[PDB]
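this one's structure only:
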Ligand SMILES: NC(=O)c1ccc[n+]([C@@H]2O[C@H](COP(=O)([O-])OP(=O)(O)OC[C@H]3O[C@@H](n4cnc5c(N)ncnc54)[C@H](O)[C@@H]3O)[C@@H](O)[C@H]2O)c1
Ligand SMILES: NC(=O)c1ccc[n+]([C@@H]2O[C@H](COP(=O)([O-])OP(=O)(O)OC[C@H]3O[C@@H](n4cnc5c(N)ncnc54)[C@H](O)[C@@H]3O)[C@@H](O)[C@H]2O)c1
Ligand SMILES: NC(=O)c1ccc[n+]([C@@H]2O[C@H](COP(=O)([O-])OP(=O)(O)OC[C@H]3O[C@@H](n4cnc5c(N)ncnc54)[C@H](O)[C@@H]3O)[C@@H](O)[C@H]2O)c1
Ligand SMILES: NC(=O)c1ccc[n+]([C@@H]2O[C@H](COP(=O)([O-])OP(=O)(O)OC[C@H]3O[C@@H](n4cnc5c(N)ncnc54)[C@H](O)[C@@H]3O)[C@@H](O)[C@H]2O)c1
Ligand SMILES: [Zn+2]
Ligand SMILES: [Zn+2]
Ligand SMILES: [Zn+2]
Ligand SMILES: [Zn+2]
C-alpha cells in the first residue's frame, strides 16, 4: 500500500542553544506558555525567561506536575486559556514533552519541544502516552502533527545524570531491530503505511551510531561535558530513533517493555532500561546470530543497561512473572504481532527466560 | 554552531494515491483551493474532486498560469481571498508547486504538495523560485516552513514522459556530492546550520539508490508502469534529494547549473539536465577519483543525461560561453563558495572545459 | 505452525541403470505393470523386460496414450485390474510419470518413476497434473505420497534432445527464487507447512549447481554423452528442484508460467521454457539486484531459454496479451500470492513488460 | 557407480504437534499399536490416547521394555497380531524407535516415528540396531524402507534433560566429517551407492547449524523451552544427520564409537557422547587443521560432551584399553576402512592417544 514518513518540521541541536531559544521560536508565535520540568526550572528558569525577553516574546512558565495525565493536561489547559498564548513550549523529560504535545493539540496551537535529556524517542513523535495520576498507563493519544520544532541543548543534556543518557541508548538501540522486523513482515507503521527507505536508513544509522559512539558518549556524559561523540548519540537517541520507530515500526522489544511494566519489581525502572531487555528478548525470538546478540549485550552492559532479569529487580517468582510479561506482550493490538510469523505467549516466555540466561552467562564470562 | 534538519511534516507515496487525497488532506482544512497545471488538471479534475467530496471537503480549482511570478501569485491571491479557503493544494510540476508554496505563505495557511512528476527536488523544500512573467529569474522566496504534506502518486508519475524522470535523476544525483562537499567545508546549509548525520545519510542513500535502481526505473518509466525500482527512484528524487539538498547543502554543481542558464543555447533543457553536467564539473573541480567520475558519467549517460557541452546544444564559441558560465557560477552569494578551499572563475572555467573533454572521451569509448 | 519436508523414499541415478531396474524394483512387488511412452518403449522394451525377468519378476507393458487424462487412467485402471499387479512403473516424460502416479493412487499400490528426460521437476513430486484428452488443463490431483522410487538413467537422458535438458534447467532455475520468496513471506508449501532448513538448502544448491554446471552439461547434452557435469544437472533438475519446489514453495514464476499457457502463441514451448521467463518476471516483481537478474538472464540465454516475449512467439498485441497473463497469474489460489506483500494484476503486468524490456536490452548488448 | 539418496516419506516438526498426531497418522491406517517409552508414557499416555480418539483412530499402547532386542520385538509381534493393527507408532528414544521400525518390518505395515528426544540420528534411518537383553550389540537389521512418517514435538524434546540434546549434538557433529571422508574416498554408503550432492549439502548444513545454533539451543534446552535455535538443532540432529549419514557415509568417528563401547568404563555413556570423542579421534586421523579441531573441541566442550578419555571414565590402564578400542574399530567390515587411504590399528591407537592429549590441553587452557 502507501509508504509514509513523518517528521517534525525543524530539528535543532547545539551547545547552549537555550540562549537562542527565543530567536528560534519567534516565527511560531508571540505569546508562549512553557511547561517545564521542576528540576530543570530549578537551575534554568531565569535563563529561559531571559531567552524569551531578548527576542521580544511574552512567556508564562508553568512548572510540571511530573506525570502526563489527563488531570495535569486539563490543569494546564485552563492556565493556557488565561494566558491567551499562541503556542506551547515543553522543556524537560519525555513526560514533560508528551504533556506539552497533548496540551497544544487540545489548544489548537503549534508546539516546540526542548528535551533536557536524551532519555527516550518521545521528542519527535506525533504521540502522547497518557497515564493515570498513579503512574499506570491510561491511553495513547495519537496526534495529527509532529512537533513544529525540536530544540536540543547538548550542554544541558550533558549536565544530567549519566544514567538518563544510557536509558536513551536503551530505547534507541531497539529502533533498528524493530523497524527491520516490520519491513521483513510488511507491518504497518504508526505513520499509517509501509516503510520507506529513508526511515530504514535512519533506523540502521541509529544502530551503527550507538555501536560506534555509545561508550565514548557515556564518558562525556559522566564528566558532564560535550564531545562530538555525545552530539551524535543525542541525535541518534532523538531524531534518528524517533523517525526510525514512528515511520519504521515497532515489534517485540517494546511489547516486552509493556509486559515488564506490569511486574511491580521493574515498574519504576526507566523506559529505555526496560526496552533494553526487550531488545535482547527479541534477538532470541528472531534467532539473531551469536555475534549480533553479543554485540548488543556488550554495548548494553558497557553503558549500564540491564541485561538480566535480576538487574530489573526480578529475582523471585521469575517463571510466574515472566508468564505475566509474555501474556501482556501478546495482547490484542500489541506490536509483537509485527514479528515475522508472529509470536505466541509460549514463544515470548521462552525468549524471556533464554535472554535472561544469556545475560547471566555474559556477566560471568566478564568477571 | 547549531546543526539543523528540516522536513515536510508528512511524505506519502503510493500508486493511485490521488484517490485518497481527501482522506489524507482532511486533518489540515475543510475548505481547499487547488492550484493546478492545465495539462494535469485536464486528466484528473474529476478524480481530484470526487476524492475531496467523498471525504466531505469543499474544493475550488484554479488553473495555473504556467510561470512562477508575483503577478501569478497575486491573481491566485485574489481567488483565494474570494474562495475563503483553509489551505492550498498544488498539483503539477515544480512551477505549480513553488507557486502553491508561495500562495500559502502570503495567505498564511497550510499547503499540500502533490507532484505529478519526479523531475526536481522542489516538492519538499522550504523555498520557491520566482520568475518574471517571461521566464527569467526574479528572486528567491525563502519560506519559513516546508510543506505540511507531500503526496506523490507513482502511477501518475509513471504516465509522465520518461525524459522527466531522467531529469529528476540528474537533479538527485548531485545531492550526495554537494552535501558531502559542504560537510568537508563546514559550510552552512539553507536550514541555517551545520550538517546533521541524518541529512548526510539521506543524501548518500540518494546516490546509492540512483546507482542501484536508476536504470531499472527508466525501463518502467519508458513502459509507463510502476515497479518497486521506479518506486524507489521517485523517493530518491523527491524526499531524499529534497531533504539532502536543503539540510545537507549545495555546492558547485548547482552554481554551474545557474551559470548555464545564462547561455541561451541551453535554455531548452530541463533543470536536472543542466545539473547533470554541473555534477561532472564539480567532480573535476574537487578532483574526484577516476572511478567516481566514471560511475557518475556512466549512470548519467545510461539514463539519457548530458555529459558534454554539445549535448546541452553548446557547440560554438565554447571558451567565450564557458567564461560567462564560470563568472556567473562564482557570483557573490553563489553556492560554489561552499567548496573546500573555494573556487575562482579560472578554476571553474578549467573544470568546465576538462569535464566536457571527459564526457567526450567517455562517449567515444562507449562505441 | 509445523515445518514439513516430503521426499521419495529412494532416488537412484546412474548410467545404464535401466539394466538394474528389476534388482532395484524387487523389494516393492513381484508383479509389475509398466506405463510407458511409445517412443521410449520402442527403444528399451527388450532392455526393460530382460531386467525384470533376470530379477524374477512378472511384467506387463501398457503403452501410454500421450496425455494425462482420467479417461487415460481409467483405460489403464482396467488393464491393471486385469494385470493383477502389485506396483506401477512409469517410464517416460512428465506426462507418463504423472499418469503412473495417478494410476498407482487409485489402485493403491506403490509406484516407481523412471524419468527418461530431465525436463521438469515432476518425477519426485506428490502431485499429478490432469488434462482433458485434448491438452487443456483439467484438475490438480494432490497425492498422499511421493513415489516410492525414482530411477534416472543418465545415459538415456543424454540421448534425449538437448532442448529438453535446457527445459529442465529453466524449470529448476526457478526453484531457489520461489522457495526463497516463500520463506521471506512465511507462506505454506504444498507439503502443508512452513519451510524447513533442508528444503531451502536443497533449493539453493539447485541454483548454484545450475550456475556452476549448466553450460558444461549442455555441451555433453549436445554430444549425447555423460559427464559428471551432466550428472549433477540431472540431479538438480530432478531431486533438488522436486523437493525444493514441493517443500520450499512456489511463487510468481510459476503463476506467470500458468498465465502464459492462456496465450495460444506460447503453446508450442515446453514447460520449463515458459517458467524461464516467469523467473525473470519474478525477479523484476521483487526488484532483485541488477547482478542477480543479469546472472539469471545470462544463464538462461547461455543454454537457449527464452528471455523475451518474442522468444515465446509473442510478438503482436503484447499489452493485451500481458493483461490476460497477469489476470490469470493473479487468480484466486495462485502461488503469486505467496510473494512478500502480495501482487496485484497491475504489478504483474508491469513486471511482464519490464522483464521483456530487460531481455531485449540483454540480447542487444550480447552482440 | 550408481548414486542413491534415501529419505523418510514425510518429516514433521513443530511445537505441541503431539496433539495433531492423530490427524497426521490417519492417512496411513485406522488401527494403531504404539510402542512407547515408559518415562514418556508416564506424562503423555493420556495425551497420545486423546490424539488418536479425536481423529477417529483405534489405538493400543504397549509400554516399551527398554532394549531393542529380538525378545522385545518378538513380544510386541504377538501383541500386534492380537491387536490386528495396520501400523506401528514408535514414541520415545532411539531404542524405542528402532524397536518400532523392526516391529513394523516383521509385521509388514507402515511405521510412524515420534522422537521424544533429539539424541541420535536413528529416527529417519532405514536401520534397526538389535541388542541382546544384556545390552550387548547383536546385529544390524537393514530395512527396505525408511519410516513413512517422522513427527517431532519440539516442546516434548525441550522438556527432556539437556544432556540428551547434547548427546544428539555429539552424534550429528560427526555427520559432515564422516560423509566428507567417504566422498573423498569413493566409499559406498548404506543407501547402496555413491554420495549425491544433496546428501553432502545436508551433511555440511548439519555441521554449520550446530556451529551456529548449538550453544543457543542448549540454553533453551536447559530452560526446557522452545526457541528457533532449538528448532534448528532438532532438525540438524534428526533429519539432516540421518540423511547425512545414511546417504552420505560413515567413517572413523563411528568405528571408534563401537570400540569405545567395548571398554566397560565407557559402555553406559550415551551413543552420541561416545561418538563425540570418535570425531576428535578422526580429526587427528585425517590431520584436520588446528582451527578445525579447536572449533569442534570448543563446541563439544561448550555443550558438555566428552573431549578427553577420562571424561568417559577411562582413567586407568589407558594404553591397554585404547589398544582394545583400536582393534575393534579396525575389524573387518568396520566403517574406518572408508577413511582415505584406510587406517591400521596402529594409526587409530595413535589417534586415540593424541586426541585425548589434545582434549587435556584444551581443558587446561580453559581453566
Ligand atoms: N510519545 C512517544 O513517542 C514516547 C516515546 C517514548 C517514551 N514516551 C514517554 O516518555 C516518558 C518517559 O520519559 P523520561 O524517561 O524522560 O521521564 P521523565 O520525563 O519523568 O524524566 C526523567 C527524570 O529526569 C529528570 N530530568 C529531566 N531533565 C533533567 C536534567 N536536565 N537534569 C537532571 N534531571 C533531569 C526529571 O526530573 C525526571 O525525574 C513516559 O511517559 C513514556 O511513556 C513517549
Ligand atoms: N524550490 C526548490 O527548491 C526548487 C528545486 C528545484 C527546482 N525548482 C524549480 O522547479 C521548476 C522546474 O520544474 P519542472 O522541471 O518540473 O518543470 P515544470 O513544472 O514546467 O513541469 C514540466 C512539464 O511537465 C508537465 N507535466 C507535469 N506532470 C505531468 C504528467 N503527469 N504527465 C505529463 N506531463 C506532466 C507539465 O505540464 C510541464 O509542461 C523551476 O522553476 C525550478 O527553479 C525549485
Ligand atoms: N506434478 C508436478 O509436480 C509437475 C511438475 C512439472 C511438470 N509437470 C507436468 O509434466 C508435463 C510436462 O512433461 P514434459 O515436459 O517432460 O513433456 P512430455 O512428457 O510430453 O515429454 C516430452 C517429449 O519427450 C519425449 N521423450 C522422453 N524421453 C525421451 C528420450 N529418452 N529420448 C527422446 N525423446 C524422449 C517424449 O516422447 C515426449 O514426446 C506437463 O503435464 C506438466 O504439467 C508436473
Ligand atoms: N538405527 C540407526 O540408524 C541408529 C542410529 C543411532 C543410534 N541408534 C540406536 O539408538 C539407541 C540409543 O538411543 P537413545 O540414546 O535415545 O537411548 P534410549 O532410547 O534408551 O533413550 C535414552 C533415555 O532417554 C529417556 N527419555 C526419552 N524420551 C524422554 C523424554 N521426553 N523426557 C525424558 N527422558 C526421556 C528414556 O527413558 C531413556 O532412558 C541405541 O540402541 C543405538 O544403537 C540407531
Ligand atoms: Zn521507546
Ligand atoms: Zn536542483
Ligand atoms: Zn515447473
Ligand atoms: Zn550415530
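Perfect, I can see it now. Numbering: from 1, shown residues only, chains lettered A, B, ... in the order given. Ligands and ions are numbered 1, 2, ... in the order given.

so how far is residue A:116 from the closest residue to residue A:289 other than its chain neighbours?
Spatially, and ignoring its direct neighbours in sequence, residue A:289 is nearest to residue D:212 (6.9 Å; CB to CB, 6 or more residues apart in numbering or on different chains). For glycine as for every other residue, the C-beta is placed from the backbone atoms N, C-alpha and C. Residue D:212 sits at a distance of 44 Å from residue A:116 (criterion: CB to CB, to the nearest Å).

swap in residue A:201?
As judged by CB to CB, residue A:201 and residue A:116 stand 28 Å apart.

Residue A:306 reaches residue A:275, doesn't it?
No: using CB atoms under 8 Å, residue A:306 is not in contact with residue A:275, being 10.2 Å away.

These two: which has the busier surroundings?
residue A:275 (28 against 23; other CB atoms under 10 Å in any protein chain shown).

What ranges does the stretch 51-200 of chain A have for its strands?
Per DSSP state E, counting those that start in this stretch, the stretch 51-200 of chain A carries strands over the ranges A:58-63, A:87-92, A:111-115, A:127-131, A:137-142, A:149-153.

Next up, the contacts around residue A:68.
Residue A:68 is in contact with A:95, A:98-99, A:102, A:128-131, counting by CB atoms under 8 Å, 6 or more residues apart in numbering or on different chains.

More neighbours: which of residue D:212 and residue A:116?
Between residue D:212 and residue A:116, counting by other CB under 10 Å, residue A:116 is the more crowded of the two (25 against 17).

Output the set of residues of the stretch 151-300 of chain A in proximity to chain C.
Taking CB under 8 Å from any CB of the partner chain as the criterion, the stretch 151-300 of chain A approaches chain C at residues A:184, A:186, A:194.

from the residues you listed, which single one is nearest residue C:123?
Comparing those against residue C:123 with CB to CB places residue A:184 closest, at 34.5 Å.

Quick check: residues of the stretch 251-367 of chain A near chain D?
With CB under 8 Å from any CB as the criterion, the stretch 251-367 of chain A meets chain D at residues A:284-287, A:289-290, A:346-347, A:349-351, A:353-354, A:357-358, A:361.

Neighbour-wise, which one of the residues you listed leads?
Busiest of those [other CB under 10 Å] is residue A:351, holding 30 neighbours.

Relative to residue D:216, how far out is that one?
In terms of CB to CB, residue A:351 sits 11 Å off from residue D:216.

anything in contact with each of those two?
A:284, D:227.

Now do the strands in the stretch 251-367 of chain A.
Under DSSP E, counting those that start in this stretch, the stretch 251-367 of chain A gives no strands.

Burial check on the residue of the stretch 151-300 of chain A found nearest chain C, number of neighbours?
Nearest residue of the stretch 151-300 of chain A to chain C: residue A:186, at 5.1 Å (CB to the nearest CB). Per other CB under 10 Å, the neighbour tally for residue A:186 reads 17.

okay, now the closest residue in space to it that isn't next to it in sequence: neighbour count?
If the residues on either side of it in the chain are set aside, residue A:186 comes closest to residue C:341, at 5.1 Å by CB to CB, 6+ apart. By the criterion of other CB under 10 Å, residue C:341 has 13 neighbours.

Would you check that my belief about residue C:341 contacting residue A:187 is correct?
No: look at residue C:341 against residue A:187 with CB under 8 Å: they stay out of range, at 10.9 Å.

ok, back up a step: inside helices: which ones of the residues of the stretch 151-300 of chain A next to chain C?
Applying DSSP state H to these, the entries found in helices are residue A:184.

Chain B: which of the residues of the stretch 151-300 of chain A next to chain C is nearest?
Among these, residue A:194 lies closest to chain B (CB to the nearest CB), at 8.6 Å.

List phi and psi for the residue lying closest to the closest one once chain neighbours are set aside.
Spatial nearest neighbour of residue A:194, excluding adjacent residues (CB to CB, 6+ apart): residue A:3 at 4.8 Å. Main-chain dihedrals, residue A:3, degrees, to the nearest 10: phi -110, psi 130.

isn't residue A:3 right up against residue A:195?
Yes: counting by CB under 8 Å, residue A:3 touches residue A:195, with 6.8 Å between them.

ok, now which ones touch the closest residue to residue A:130 other than its chain neighbours?
Leaving aside its chain neighbours, residue A:130 sits nearest to residue A:138 (4.3 Å; criterion: CB to CB, 6+ apart). Residue A:138 sits next to A:69-70, A:130-132 when contact means CB under 8 Å, 6+ apart.

Quick check: the gap between residue A:122 and residue A:150.
10 Å.

Please verify my assumption that residue A:246 contacts residue A:142.
No: contact between residue A:246 and residue A:142 fails when scored by CB under 8 Å: they sit 10.6 Å apart.

which residues do the two both contact?
Residues within reach of residue A:246 and of residue A:142 at once, by CB under 8 Å, 6+ apart, are A:126-127, A:190.

Neighbour count and distance to residue B:325 for these - can I get that in a markdown table?
Formatted as a markdown table, these follow (neighbours: other CB atoms under 10 Å in any protein chain shown; distance: CB to CB, whole Å):
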| residue | neighbour count | distance to residue B:325 |
| --- | --- | --- |
| A:126 | 22 | 45 |
| A:127 | 18 | 50 |
| A:190 | 19 | 48 |
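
what do residue A:122 and residue A:150 both touch?
When CB under 8 Å, 6+ apart defines a contact, the residues bordering residue A:122 and residue A:150 alike are residue A:115.
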